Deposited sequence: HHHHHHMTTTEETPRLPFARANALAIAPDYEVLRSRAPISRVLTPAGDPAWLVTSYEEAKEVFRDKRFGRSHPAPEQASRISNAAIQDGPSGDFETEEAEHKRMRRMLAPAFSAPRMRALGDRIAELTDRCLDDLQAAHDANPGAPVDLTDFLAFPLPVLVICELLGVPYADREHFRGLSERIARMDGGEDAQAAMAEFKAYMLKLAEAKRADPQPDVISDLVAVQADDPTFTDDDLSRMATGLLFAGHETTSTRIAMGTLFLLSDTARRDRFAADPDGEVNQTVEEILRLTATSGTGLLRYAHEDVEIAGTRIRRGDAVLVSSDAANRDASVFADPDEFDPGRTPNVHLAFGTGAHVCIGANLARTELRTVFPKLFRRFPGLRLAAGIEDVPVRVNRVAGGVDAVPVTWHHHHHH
């Protein structure tokens, strides 16, 4: 039985195991990092189907009987009450709608531009301080930028950015240790201090939105509020960071690609970002669902209670949908992909993520015309270094 995570030989490639499994069945039995059996979906059509099929949810009817995936913060095992999941999910999407609305995204887009400029300043200063040496674009740009965007999204006071990033770094390990466990308490406590700050002076940010939800709905507790804020950090930081890093690696690993983008960044950026999203593959597992009844799909009998891991990474390389699927081709004319999922759980931050990526790459290649480059994905798995010079 195949055992996740699958191995690969270089950062830009996808693990070869997925195509081996896909060629035999769209849905295959695998073992998770936690050692339990799950179905892995590797084809585009079946992944799309599971994403859109309400018979698969995040909850499990009898969670004690369920396969575990890992010990990660999210996408790790059963989540939420089975009887109430759809209602709770609808309530979550509604409460976060203001935060991702167009006026809020207009403001955040301006802050993203400014934050990008400041990160590129740090990259240039590191290069000037160590002339002749590569500098790590991940350290100065890919890793910090999306967590600073999360600060602006949540409403973290400017003076606290370092404090916040320190707490997040300690909970981001997901290692179950004693430090990480006390860091989660300190982090949730910090979320609750900020909630009181927003009650004093409401702002156009997520924490203010969530205290407004509480004043109209006493069932939404401080723990619910701090859990939601914590979950946006997990969902929105390293995901985005790895696409900045890996997208830079795609563009720099073939000079012709770099030069095409650099020659017309404003014209090329939308389609370039979509191809980065299609090809970047960093998952150790997949997007987690449990069957809420027996479901037959593509000749596989998925029984009630079974774990299903949807591999968007693998779905996005299905050769029946994307010809030459391992080739980086920003001109792919239909380039709908499942990097953000689809259906009811489609990434609520997709537009924010696209705004981050679409802002960074034109600024990066305008600022640094000479820019050039100098084995398994972890559930927790950090962002690869991208050493560059110019």
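S.K.: As a test: can you identify every run of the deposited sequence that has no C-alpha position in this structure, in order?
M.R.: No C-alpha coordinates exist for 1-12, 387-393, 400, 411-416.
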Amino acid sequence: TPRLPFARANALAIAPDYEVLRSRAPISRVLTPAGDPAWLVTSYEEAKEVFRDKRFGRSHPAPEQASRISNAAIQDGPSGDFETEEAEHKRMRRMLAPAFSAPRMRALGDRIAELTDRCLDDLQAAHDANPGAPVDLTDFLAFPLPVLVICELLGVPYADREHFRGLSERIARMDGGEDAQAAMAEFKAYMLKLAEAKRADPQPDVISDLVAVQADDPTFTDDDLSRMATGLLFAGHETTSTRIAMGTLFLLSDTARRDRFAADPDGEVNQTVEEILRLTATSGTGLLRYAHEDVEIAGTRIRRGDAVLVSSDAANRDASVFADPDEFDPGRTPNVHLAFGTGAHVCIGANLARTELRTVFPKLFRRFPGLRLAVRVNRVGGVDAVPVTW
From here on, numbers count along this sequence of modelled residues.
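S.K.: Between 360-368 and 65-73, name whichever shows the higher mean Cα B factor according to the PDB entry.
M.R.: Result: 65-73.
S.K.: Can you tell me which stretch has the higher mean Cα B-factor, 173-181 or 146-154?
M.R.: The entry gives the higher C-alpha B-factor average to 173-181.
S.K.: Which listed residue, 128, 196, 238, 160, has the largest C-alpha temperature factor in the record?
M.R.: Among 128, 196, 238, 160, the highest C-alpha B-factor in the entry belongs to 128.
S.K.: Looking at 305, 247, 80, 98, which has the highest CA B-factor as recorded?
M.R.: Answer, based on the entry's C-alpha B-factors: 80.
S.K.: Place residue 4 in the lowest, middle or highest third of its chain's C-alpha B-factors, as listed in the PDB entry.
M.R.: It falls in the bottom third of the chain.
S.K.: Among the modelled residues of its chain, does the C-alpha B-factor of residue 291 lie in the lowest, middle or highest third?
M.R.: Answer is middle: the recorded C-alpha B-factor places it there.
S.K.: Going by the recorded CA B-factors, say which third of the chain residue 344 sits in, lowest, middle or highest.
M.R.: According to the entry, residue 344 has a C-alpha B-factor in the chain's middle third.
S.K.: Quick one: classify residue 40 as lowest, middle or highest third of the chain based on its Cα B-factor.
M.R.: Its C-alpha B-factor, which the entry lists for residue 40, ranks in the lowest third among residues of this chain.
S.K.: Divide the modelled residues of the chain into thirds by Cα B-factor and specify which third, lowest, middle or highest, holds residue 323.
M.R.: Top third by C-alpha B-factor.
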